[PDB]
Amino acid sequence: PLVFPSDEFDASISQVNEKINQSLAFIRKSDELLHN
Amino acid sequence: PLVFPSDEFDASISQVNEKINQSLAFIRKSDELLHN
Amino acid sequence: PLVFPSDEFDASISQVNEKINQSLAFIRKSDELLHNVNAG
Amino acid sequence: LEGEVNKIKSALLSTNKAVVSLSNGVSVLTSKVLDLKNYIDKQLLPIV
Amino acid sequence: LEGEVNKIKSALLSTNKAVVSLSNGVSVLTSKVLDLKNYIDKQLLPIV
Amino acid sequence: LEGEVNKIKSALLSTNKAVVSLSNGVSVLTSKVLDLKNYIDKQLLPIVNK
């Protein structure tokens, strides 16, 4: 039988997208300061 | 017969490289100013 | 025997992780210097 | 010192754009890796 | 000027956290790509 | 402030190198992902089919 470890895979990919958005947020603040 | 969506996939991978390239170009302009 | 190009795949993946580390080593240095400029 | 600081500000602005550009690229790459996993799971496995 | 750079110092600090975040992202993504390759090699292929 | 406008300069320079590195890391990851896709497409499927 073949059972892909799918739910973990999906949770990890969501963790990746979360880190990407955090990244964009830290940048959004750096830009803010600069424009001040 | 299964048919992999291998044309939109190439196109997406191509845009990923373009962004990696843009990223490098921006750092190039940043190091330039700093060296100036 | 189809054969997955495994040895080369693992080599590349190891190169990716080695680059992530060097990236973080550069950031560590940048922070170290920035906490050296003045105060909070 | 004015421009010295005004040069650095401009560089940092390019650097920020660099990080955003890379993040967007990783975002796209992440969806394609998900696509590969879903293809293997939903399309390939059921037939093997 | 104490301030114009002040923002810059804090701005670079936030830019640095952005890179640490994207790095952690890329790090997890890398493990998943490795998982796929291992799944195809050790699970799928033997049965194909 | 002088010696501090230079510190920040050296820090940014290190931050830029941090981005160049991560970018090269992602570049290689991208080529491996394409590799996986091509393997499934050009090597696996044809056998999973005929």
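Residues numbered from 1 in each chain as written, not as in the entry; some residues may be left out. Chains lettered and ligands numbered in written order. Heavy atoms only, no water.

Method of determination, as annotated in the archive: X-ray crystallography, at 2.30 Å resolution.

Visitor: Can you walk me through the nonpolar core in this structure?
Guide: Grouped burial of nonpolar side chains is what soluble globular proteins tend to show. Counting 56 residues, the largest nonpolar core has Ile40(E) and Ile40(F) as its most contacted members. Mapped by element, the contributors of at least two residues to this core are α1 (6-35) of chain A, α1 (8-35) of chain B, α1 (6-34) of chain C, α1 (2-44) of chain D, α1 (2-47) of chain E together with α2 (7-47) of chain F. Broken down by element, this core gets its largest block of residues, twelve residues, from α1(E). Excluding residues that lie within four positions of it along the chain, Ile40(F) makes contacts with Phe4(B), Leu36(D), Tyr39(D), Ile40(D), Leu44(D), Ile40(E), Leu45(F) and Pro46(F). (Core = buried A, V, L, I, M, F, W, Y, C linked by side-chain atoms within 4.5 Å. Buried < 20%, exposed > 50% of the residue type's maximum accessible area, 1.4 Å probe, protein only. Helix = DSSP H or I, 4+ residues; strand = E, 2+ residues; numbered from the N terminus. Contact = heavy atoms within 4.5 Å.)

Visitor: Explanation requested: the interface of chain B and chain D in the structure shown.
Guide: Where interface size is quoted, it is often the accessible area lost as the parts come together. Between chain B and chain D, the residue contacts involve 20 residues of the former and 19 residues of the latter. For the pair chain B and chain D, the summed buried area comes to about 1,800 Å², and 75% of that belongs to carbon and sulfur atoms. Three residues stand out in chain B for area buried against chain D, namely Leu2(B), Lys19(B) and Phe26(B), and they jointly supply 31% of the buried area on that side. Run the count over chain B and chain D and you get five residue pairs in polar contact. Class assignment for the residues of the side of chain B that touches chain D results in twelve nonpolar, six polar and two charged. (Buried area = accessible area lost by both parts, 1.4 Å probe. Polar contact = N/O pair within 3.5 Å; in protein donor to acceptor, adjacent residues only side chain to side chain. Nonpolar A, V, L, I, M, F, W, Y, C, P; charged D, E, K, R; others polar.)

Visitor: Where do I start with unusual backbone geometry in this structure?
Guide: Residue and element names in this part refer to chain C. Phi at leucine 2 takes a positive value of approximately 25°, unusual for a residue other than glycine. With respect to the helices and strands, the residue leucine 2 is situated in the segment before α1. Taking the relative accessible area as the measure of exposure, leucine 2 reaches 23% and is therefore partly exposed. Of note, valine 3 is a non-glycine position whose phi angle comes to about 80°, a positive value. By the element assignment, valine 3 lies in the segment before α1. With a relative accessible area of 52%, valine 3 lands in the exposed category.

Visitor: Just checking my understanding: could you explain the interface of chain F and chain C for this structure?
Guide: Listed as interface residues are 21 residues of chain F and, on the opposing side, 22 residues of chain C. Here chain F meets chain C over a buried area of about 1,900 Å², counting both sides, of which 73% is carbon and sulfur. It is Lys7(F), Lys32(F) and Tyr39(F) that lose the most area in chain F upon contact with chain C, and together they represent 28% of the buried surface on that side. Between the two partners, chain F and chain C, sit zero salt bridges. For the interface between chain F and chain C, the tally reads six residue pairs in polar contact. (Salt bridge = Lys/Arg side-chain N within 4 Å of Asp/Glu carboxyl O.)

Visitor: When you look at empty space enclosed by the protein in this model, what are you seeing that I'm missing?
Guide: Gaps left between atoms are located by rolling a probe of water-molecule size over the structure's atoms. This model, assessed by the stated rule, comprises one cavity of 30 Å³ or more. By volume, the largest cavity is sized at about 30 Å³. Around the largest cavity sit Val19(D), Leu22(D), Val19(E), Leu22(E), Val19(F) and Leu22(F), which together line it. Of all the elements in the fold, those that place two or more residues in the lining of the largest cavity are α1 of chain D, α1 of chain E together with α2 of chain F. For the lining of the largest cavity, the per-class residue count stands at six nonpolar, no polar and no charged. (1 Å grid on protein atoms, 1.4 Å probe; cavity = no way out; pocket = protein on both sides within 12 Å on 5 of 7 lines; lining within 4 Å. Points joined across faces, edges and corners; volume = space filled by probe spheres on them.)

Visitor: I'm lost on α1(B) in this one. Help?
Guide: In this model, α1(B) (28 residues) spans 41 Å end to end at C-alpha, consistent with the 40 Å of a helix rising 1.5 Å per residue. For α1(B), the full list of buried residues reads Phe9(B), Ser12(B), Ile13(B), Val16(B), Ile20(B), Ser23(B), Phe26(B), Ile27(B), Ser30(B), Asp31(B) and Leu34(B). On its buried side, α1(B) packs onto α1 of chain D together with α2 of chain F. (Expected span 1.5 Å × (residues − 1).)

Visitor: When you look at the arrangement of the chains in this model, what are you seeing that I'm missing?
Guide: For chain A and chain B, which are not in contact, the least C-alpha distance works out to 14 Å. At their nearest point, the C-alpha atoms of chain B and chain E are still 13 Å apart, with no contact between the two.

Visitor: Sorry, what's going on with the packing of α1(A) against α1(D) here?
Guide: One way to put it is that α1(A) packs onto α1(D) with a least axis distance of 10 Å and a crossing angle of 165°. When the axes of α1(A) and α1(D) are compared, the pair comes out roughly antiparallel. When you trace α1(A) past α1(D), the crossing you get is left-handed. (Axes fitted to C-alpha atoms, helices over the stretch in contact; angles between N-to-C directions. Parallel < 35°, antiparallel > 145°, perpendicular 65-115°, else oblique. Left-handed = near helix turned anticlockwise from the far one by under 90°.)

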